[PDB]
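Undergrad: One structure, as structure tokens, below. Some questions next.
There are 4 protein chains.
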Amino acid sequence: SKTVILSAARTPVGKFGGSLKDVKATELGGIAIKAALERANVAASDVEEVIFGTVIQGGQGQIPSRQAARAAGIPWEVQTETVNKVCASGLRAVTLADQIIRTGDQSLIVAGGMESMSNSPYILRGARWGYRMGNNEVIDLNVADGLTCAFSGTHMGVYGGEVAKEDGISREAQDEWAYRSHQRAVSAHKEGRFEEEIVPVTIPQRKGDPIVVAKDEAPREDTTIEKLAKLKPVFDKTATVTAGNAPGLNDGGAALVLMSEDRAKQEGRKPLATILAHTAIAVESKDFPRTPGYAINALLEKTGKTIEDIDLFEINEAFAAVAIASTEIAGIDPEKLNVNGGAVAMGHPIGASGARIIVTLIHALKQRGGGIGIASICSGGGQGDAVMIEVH
Amino acid sequence: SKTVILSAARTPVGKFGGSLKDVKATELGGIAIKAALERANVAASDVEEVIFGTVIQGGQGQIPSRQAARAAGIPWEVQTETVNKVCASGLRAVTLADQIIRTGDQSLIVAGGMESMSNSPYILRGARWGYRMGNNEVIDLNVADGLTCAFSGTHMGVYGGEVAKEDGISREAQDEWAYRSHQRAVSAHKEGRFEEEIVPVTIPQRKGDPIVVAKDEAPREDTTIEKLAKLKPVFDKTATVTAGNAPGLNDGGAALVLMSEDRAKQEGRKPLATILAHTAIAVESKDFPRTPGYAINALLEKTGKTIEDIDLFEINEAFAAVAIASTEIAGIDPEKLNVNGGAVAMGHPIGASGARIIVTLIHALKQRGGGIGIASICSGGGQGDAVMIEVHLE
Amino acid sequence: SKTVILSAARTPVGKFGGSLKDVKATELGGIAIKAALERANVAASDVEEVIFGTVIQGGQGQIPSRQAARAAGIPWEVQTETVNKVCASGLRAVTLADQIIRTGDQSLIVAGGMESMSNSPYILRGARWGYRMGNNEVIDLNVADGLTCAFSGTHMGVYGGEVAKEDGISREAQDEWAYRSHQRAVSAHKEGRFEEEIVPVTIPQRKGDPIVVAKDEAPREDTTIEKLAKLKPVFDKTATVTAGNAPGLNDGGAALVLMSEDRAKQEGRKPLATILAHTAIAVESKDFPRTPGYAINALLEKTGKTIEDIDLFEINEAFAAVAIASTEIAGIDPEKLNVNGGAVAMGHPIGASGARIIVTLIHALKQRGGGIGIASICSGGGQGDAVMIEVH
Amino acid sequence: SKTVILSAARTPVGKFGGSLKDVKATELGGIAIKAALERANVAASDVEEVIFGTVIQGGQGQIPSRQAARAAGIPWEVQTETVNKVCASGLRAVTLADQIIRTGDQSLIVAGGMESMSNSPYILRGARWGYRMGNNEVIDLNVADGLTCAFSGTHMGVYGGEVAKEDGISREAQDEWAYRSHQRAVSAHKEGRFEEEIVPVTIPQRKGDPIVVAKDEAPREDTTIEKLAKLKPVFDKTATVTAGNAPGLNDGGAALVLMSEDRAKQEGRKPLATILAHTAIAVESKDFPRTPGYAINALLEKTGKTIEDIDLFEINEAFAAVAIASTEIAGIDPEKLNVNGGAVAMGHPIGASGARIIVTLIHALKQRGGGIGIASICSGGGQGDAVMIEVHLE
Ligand SMILES: CC(C)(COP(=O)(O)OP(=O)(O)OC[C@H]1O[C@@H](n2cnc3c(N)ncnc32)[C@H](O)[C@@H]1OP(=O)(O)O)[C@@H](O)C(=O)NCCC(=O)NCCS
Ligand SMILES: CC(C)(COP(=O)(O)OP(=O)(O)OC[C@H]1O[C@@H](n2cnc3c(N)ncnc32)[C@H](O)[C@@H]1OP(=O)(O)O)[C@@H](O)C(=O)NCCC(=O)NCCS
Ligand SMILES: CC(C)(COP(=O)(O)OP(=O)(O)OC[C@H]1O[C@@H](n2cnc3c(N)ncnc32)[C@H](O)[C@@H]1OP(=O)(O)O)[C@@H](O)C(=O)NCCC(=O)NCCS
Ligand SMILES: CC(C)(COP(=O)(O)OP(=O)(O)OC[C@H]1O[C@@H](n2cnc3c(N)ncnc32)[C@H](O)[C@@H]1OP(=O)(O)O)[C@@H](O)C(=O)NCCC(=O)NCCS
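Protein chains in written order, with the working numbering: chain A, 474 to 865; chain B, 355 to 748; chain C, 474 to 865; chain D, 355 to 748.
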């Protein structure tokens, strides 16, 4: 009952309708999974279970995790489940893998997440039994299943703005975090700090030569405080949340290979990282933006560690407001937060983001010579999940 | 040691466009969960995790398990995830609850599943970035995400007929198993053997009093071998699979309350059942109908145990052909299989069926004076899952 | 330059999603056309032109008039146009035929109208070039092309209520007209006064025996002033227009055979009726309910006839309010108006109604021993058309 | 006696999804109508009737002719009807105006047509009363109402290739006529021969200054026989019809002002042109491409006249194959046919094309010093319409 991470791989994150528009979510997951197995030196046929997150499942076909496992070359004989915990899906896949391995039921699991918000369909409610008369709506499945509360219909972006308002986080503080997120992502890319974690995506072409996507699409070298201050409130004209200080709709895949500490020892494998612990909390839907600091505090209490014991943090930038608020709630030095950039700059491919931030955290830790990291992520519907990892 | 089941409840199963047409999947889940908590005498605010299965998630809204949890009165502070393992979703929700409780991370979980195949939407692929010109498809999401192979586009019912053909199971054997399934379900309803497991669904009317649905809609009192032999093959003129020896599209929910052995003893709680063990196997998509007997064989191998120690079996009737094939492959006595009816009579609300068969198995064990049971279910994509349970009275 | 009517035939009028739900508009038009040719004793091959009205053309296929001509057994060699003047379509087809015959360019035209509001599709605007993101609408083509003003988006039923309000026509007066319209339609049917004009519709069956529709579906023997007074305002909670005092959405076909007076004389044909004259007026969209009395007054001025010279009137019951208002504006004895019932009782299959009221007027005239009739009809967009016919 | 044309105006023709993408059909109609009234020096409030053609009416809203009339500034008090005779709609609008004026019922009519094939919607058949289960079609309304036979479902382009095959018109003859069509259209634009007939379209931008579209978008300066020979057949691997020797889907409007001879003389108005005569014929749907030459022959027979008395012809290029076939059938000198280009180069906005070719014919006659012309157009469903006009200067 201890879980090691042998490997951690992610695709670049694409913009909505951008570089990965013609790649299915399951293909992005397959690419991440295959790169993780290569980097782990694990044969596909030795995988015992695949646990894969994706949120907008409508129209992906039967059990998307199986499609991603098969796209990776994992044989038919390996069992799989698809999991949905909205933004936490990719992280919960990993913490579920940790739990299953700690029972001894399995010793080698692939876990991660995938999303192609570019390829989400539109739906027709009412067409099955008939509209009869009067106009009806054609519903963006990203909006219906990902971006709006199932209880109130309110957009996540309205809840983000309401929390920023109640927490007293200014427009100017949010635009400063957005700027810093862009500058750290462009810097990390230029200086080669994403080279190790990224598996490029090759897109067969109508033309002759294949398109290679090797870089995160959304970071802007040319964004500035001045340009961000010009943008308009997107969800409410009185709020502070804009397109510039909120993450986009995005496409991406992320995968990790997990193994029992005991099996890795016996096989003579040097793990990339160890899972020390994880916890989740839940609050009302409208308070989802508050959860990452609560989840971090809950995990510190669980482990008996203090904030000063943590070398780096990845808090998913659900909004810039959420990185700032969660910094206050947990008393985090922002110099140790999202040091290679975060979702405001890099995007939020919902089902992948939870696994993506672990992949980024591991490599950020390796880059500063190892240490202890927490990845924390809030999720629509009002949950927060956090995991503590060690890179030796 | 062994995870305990305090309670197990299911809705009636409705026909497609039938008696539960106007009830959302998440409401069916909530009703089942609330009845499970009432029967367990567990407070909703003491639940630590809800793990709920559903397959056609398209258009249900954010994290359907959470909607089901809230519909049951479970507070905001309880964590939840939705799981999808096609037909196995409701069963894998339970075996995941078992693994989590066995780690010690939690001691009280609600697990189960739900589906409203009636309320699944249609989709438009291509409308987001534009058709430009030419006709396109408006796609039935039950067909796209539930009933067709992600790899080949082939209907599960084609795979059902192909496996029945290859195993040499006749049209006549399939129709006899279908007639038997209806006789056993009708018989279980009329003799009061479903009364304990079913939580009725109350549908508030715009008009007069509420409608209360208390009975499984699909079982037919008046079906016969004669009528079944008249039906035409549905997926291939040359195959043996009809609307009468294949389950329907259906609406339902089912829920169980799971607790650690240790916590159950501290609180004075007698288990309804114990989870002994579970396993899963996986094969090619086209071979999904063969998995239940293989899942049983691997589960027996794992527990050192013998087919003769098992008092009752629930094998989800993915087709009549699957109950027959699995009987030979596991060497099962048919008199010990699906004794109150199965999916051919009762229906297959995909996300719920894996929890549903465990609820039916627990109550069939209890009616028999107790014993050991295996629930086994195959799922689209080529998986089989089986769980071994123990039921004792007093 | 005079036009005779050799024959006049209509299908029964079906309710929305009712008796004619599985018959295409072009099939309803074909059935009417074929019955008119039989009743005229005119060979299909001698027809020189088919002019046919239909309003909701979306999804009917290429030139619906040609489909109706071919469904009637009219050979490929006969020319055809489809015309759209909303509610006036079926009447304008007839008055256009009169004009063409008065030039001598042709001497034998089939004219009429057809509508299947049951079979109108739904549309997606935005799907061609792509929604990109956000919910959109699926639009009822009856609502978009038939029932709402192209300028304001307002429902015809809102304009009906606004005119009833401005003209001081009470809820109670409208419910009395609705009751009278139902009682005259049921009476006409029971006493055989629709037997001559109706051509039954035969619907081939999944079962063995074909369904024969021989009766107008919408008239209610059991409707009463009491039941009508219980109904709620449908378009605005402060207005007087209800489901009971406004016509429905309906399905129907109507056809007439027109011939030059000179050719009919030479062939020894006794015409059913003669077209004496016609006129149209136009007003702003919102004033469409006012046009029938104006059109009648314009036609009396044109012919130098007075209201007392007219034996019977058919004013299409666009609303009960419109029969009442148009009665005042033209000073019409209501005992000579819509004597066998009208659209409030019988339905308003938009593209057919203009031809339908002429078919009804001719037979109502024959039943009282001949005389002079005016048919008048308002049409969405703010037009009114009226025709004066003689039955000798 | 003879109806007179005071004026004739057309928009540029836009490509599908091209330069007029953001302009509704009714706006294109209004722009053409307003330019016709300006050029006729006729007051909008003196018009007595608007007869306007459009084919894909689905989703345009109530009586599109009235929307076009109001877009032109024509008052509410002017009567209007929309007509549909597929590709002949714009031309039959004019010949109907001619018949009405010849009765004396009216003395001043606006006639013409419009289409925005760019803005045609998709439809859902079956969503009103419900799919129940199974995939359905989302239908391109251009395809359903414009481009396919109501009787067979066959694309007009299949009928085009079948008639080209049966008439023995080679791929090479079709591509030479296509190259010629582009050369003549490009040439007419560059040499200022379209400047008089075209009314530019001004598209107000959300952003900076308005976009002014003044040029036909489809004519290609850089097309060659070589490039045309490289294209693959569109509707049948074995046919000769390509994207290059068939017209596109296009956006456009065109309008004419018609007046009685008597009224024109009272008001001092010199006619742009006189309508001499018109006729229409009808054949089987599949034979629609053969009708233009037959319509010309019947119109000559009717007027006692001879093919040699006609100075210019506009035969709508429904396909290159149709211009060639019709040339043989009517015995036309190609040097007198479509002399400023036709639909293969210029496009086919179905509802407008029949008015458009009359506008182009009037200005080609005027450029030639005057004369007699015939416009002939075939239409989906199997019709042909031809109109004879006279143009004199001074
Ligand atoms: C906020 C949101 C509505 C924006 O959608 P969008 O309008 O498509 O966003 P875009 O990036 O296309 O548009 C924003 C505009 O601001 C500009 N902009 C955005 N970020 C900028 C930056 N950092 N610097 C400068 N300009 C910027 C863009 O260039 C664009 O302007 P343009 O139209 O001239 O190109 C969408 O990304 C969203 O809903 N995000 C939240 C996702 C979420 O909540 N996920 C979790 C769900 S549980
Ligand atoms: C088989 C299937 C296509 C049938 O759909 P359907 O046509 O809507 O089925 P119905 O329930 O309407 O039955 C069709 C006919 O058979 C008849 N029939 C069905 N079962 C019968 C029985 N036991 N006795 C007599 N008649 C019976 C019905 O009465 C009906 O007759 P009717 O149309 O005259 O009323 C559909 O249920 C299916 O695809 N099921 C497979 C489920 C599955 O594979 N799920 C797992 C995938 S991962
Ligand atoms: C008014 C309108 C919205 C009604 O649509 P609808 O709701 O489908 O109408 P229905 O007849 O189904 O419903 C009306 C209700 O009143 C009742 N009702 C209607 N007429 C009645 C009568 N004469 N006596 C008693 N009850 C009557 C019906 O039974 C029904 O009640 P129910 O739901 O219990 O069956 C629709 O017919 C309409 O828009 N009409 C105007 C058409 C028009 O303007 N055409 C010209 C366009 S240019
Ligand atoms: C023929 C038809 C299917 C073509 O549609 P499409 O594929 O959208 O056509 P495009 O304009 O995109 O042309 C296709 C290709 O041919 C090329 N092409 C077309 N005309 C060309 C020319 N003159 N020279 C060189 N290349 C040419 C285009 O550049 C394009 O190449 P690309 O795809 O690499 O850019 C369509 O226009 C049609 O159905 N037309 C018939 C109209 C009709 O029948 N109307 C009357 C019915 S009642």
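We put the CB at the ideal spot given by N, CA and C, even for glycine.
(1) I need the straight-line Cα distance from residue 781/C to residue 806/C, nearest angstrom please.
(2) With burial defined as no fewer than 16 other Cβ atoms inside 10 Å of the residue's Cβ, what is the status of residue 772/C: buried or exposed?
(3) Could you pull the DSSP bridge partners for residue 737/D from this structure?
(4) Along the chain, where does the alpha helix (DSSP H) containing residue 599/D start, and where does it finish?
(5) Run down chain B in chain order and give the residues with a C-beta less than 8 angstroms from the C-beta of residue 606/D.
(6) So, is residue 395/D buried or exposed, given that buried needs 16 or more other C-beta atoms within 10 angstroms?
(7) Would a C-beta distance cut-off of 7 angstroms place residue 622/C and residue 764/C closer than the cut-off?
(8) Going by DSSP, which residues form a beta bridge with residue 723/C?
(9) Below 8 angstroms CB to CB, which residues in the same chain sit around residue 586/D once its five sequence neighbours on both sides are set aside?
(10) Taking a contact to mean a Cβ-Cβ separation below 7 angstroms, would you say residue 713/C touches residue 644/C in this structure?
(11) Use the C-beta contact count for residue 747/D: other C-beta atoms within 10 angstroms, 16 or more gives buried, fewer gives exposed.
(12) Should residue 566/D go down as buried or exposed, given a rule of 16 or more other Cβ atoms within 10 Å for buried?
(13) At a cut-off of 6 angstroms, is residue 665/D close to ligand 6 when judged by its beta-carbon and the heavy atoms of the ligand?
(14) Reducing DSSP to helix, strand and coil, say where residue 655/B ends up.
(15) Quick check for students: name the residue ranges of the alpha helix (DSSP H) that lie wholly in the segment 374-428 of chain B, counting only runs of 4 or more.
(16) If you draw a straight line from the C-alpha of residue 676/D to the C-alpha of residue 588/D, how long is it?
(17) Leaving out the 5 sequence neighbours to the left and right, which residues in its chain are closer than 7 angstroms to residue 572/C when beta-carbon positions are compared?
(18) Which of the three DSSP states is assigned to residue 559/B in this structure?
(19) What residues match up with residue 714/B in a beta bridge as DSSP calls it?
(20) For residue 632/C, return the contacting residues in chain A, with the cut-off set at a CB-CB distance below 8 angstroms.
(21) Given 8 angstroms as the limit, is there contact between the segment 659-666 of chain C and the segment 442-462 of chain D, that is, 3 or more CB pairs closer than that?
(22) Just to confirm before moving on: does the CB-CB distance between residue 678/B and residue 579/B stay below 7 angstroms?
(23) By the 10 Å Cβ neighbour count, where 16 or more other Cβ atoms means buried, how is residue 563/B classified, buried or exposed?
(24) What in chain C is Cβ-close to residue 569/A, meaning under 8 angstroms?
(25) Our contact map puts residue 701/D next to residue 365/D with C-beta atoms below 8 angstroms; I'd like the distance itself, whole angstroms only.
(26) Are the C-beta of residue 704/C and some C-beta of chain D separated by less than 7 angstroms?
(27) Here's a check: name, in chain order, each residue in its chain whose Cβ is nearer than 7 angstroms to the Cβ of residue 427/D, leaving out the five neighbours to either side.
(28) Can you tell me the Cα-Cα spacing of residue 728/A and residue 636/B, whole angstroms?
(29) Tell me whether residue 441/B, by its Cβ, gets closer than 6 angstroms to a heavy atom of ligand 2.
(30) Taking C-beta pairs closer than 9 angstroms, name the residues in chain A that residue 377/B reaches, listed in chain order.
(31) Ligand 4 and residue 577/D: does the residue's C-beta get closer than 6 angstroms to at least one heavy atom of that ligand?
(32) Can you find at least 3 beta carbon pairs, one from the segment 724-731 of chain B and one from the segment 549-563 of chain C, that sit closer than 8 angstroms?
(33) Can you list the alpha helix (DSSP H) stretches of 4 or more residues lying completely in the segment 556-611 of chain C, in chain order?
TA: Reading off the structure:
(1) If you take the alpha carbons of residue 781/C and residue 806/C, they lie about 9 angstroms apart.
(2) buried
(3) 636/D, 733/D
(4) First-last for residue 599/D: undefined, no H or E at that position.
(5) Neighbours of residue 606/D on chain B: none; closest Cβ ~18 angstroms, over 8 angstroms.
(6) Looking at its Cβ environment, which holds fewer than 16 other Cβ atoms inside 10 Å, residue 395/D is exposed.
(7) no
(8) 488/C
(9) 596
(10) yes
(11) Around the beta carbon of residue 747/D, a 10 Å sphere encloses fewer than 16 other beta carbons of the protein chains shown; the residue is thus reported as exposed.
(12) exposed
(13) Judged by which ligands are present, ligand 6 is missing from the structure shown, whose ligands are ligand 1, ligand 2, ligand 3 and ligand 4.
(14) helix
(15) 379-394, 418-425, all fully within the segment 374-428 of chain B.
(16) 17 angstroms
(17) Hits under 7 angstroms: none found.
(18) coil
(19) Paired residue(s): none; residue 714/B is not in a bridge.
(20) Within chain A, no residue comes near residue 632/C; the closest Cβ sits about 18 angstroms away, beyond 8 angstroms.
(21) no
(22) no
(23) exposed
(24) None at all; the shortest Cβ gap to chain C is about 31 angstroms.
(25) Residue 701/D to residue 365/D, Cβ: 11 angstroms. No contact.
(26) no
(27) 388, 398
(28) 21 angstroms
(29) For ligand 2, at least one heavy atom lies less than 6 angstroms from the Cβ of residue 441/B.
(30) By Cβ distance, chain A contributes nothing, its closest Cβ being about 14 angstroms from residue 377/B, past 9 angstroms.
(31) yes
(32) no
(33) Segments of the alpha helix (DSSP H) lying fully in the segment 556-611 of chain C: 562-576.
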